[PDB]
């Protein structure tokens, strides 16, 4: 039921507006993917939610963002308490983030 387009658009709008925080694991996995792409942090779709966040948090604060949207990714990843959701859609969202071909462009 449209979880993938919703999560992508939500994260793009948050980074463009520089408002709000992560509110779901669907958003977390997409955001994690973008961090892999933009910052090269060694995360993968198969990591569990807290594991994924721990790996990102070991390095996100040392990253030098290229623009305001990447700077907002650091804000998103430093302020979230994940639930146990790690389904087929969280995995696809991670892959969508890491391979993002239209970064910061809403549909």
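Residue numbers count along the first chain shown, from 1.
Just going by the entry, 72 to 80 versus 58 to 66 on mean CA temperature factor gives the higher value to 58 to 66. Stretches 23 to 31 and 48 to 56 differ in mean C-alpha B factor, with the higher average recorded for 48 to 56. Sort the modelled residues of the chain by CA B factor and residue 6 lands in the middle third. Sorting the modelled residues of the chain by their CA temperature factor places residue 90 in the lowest third.
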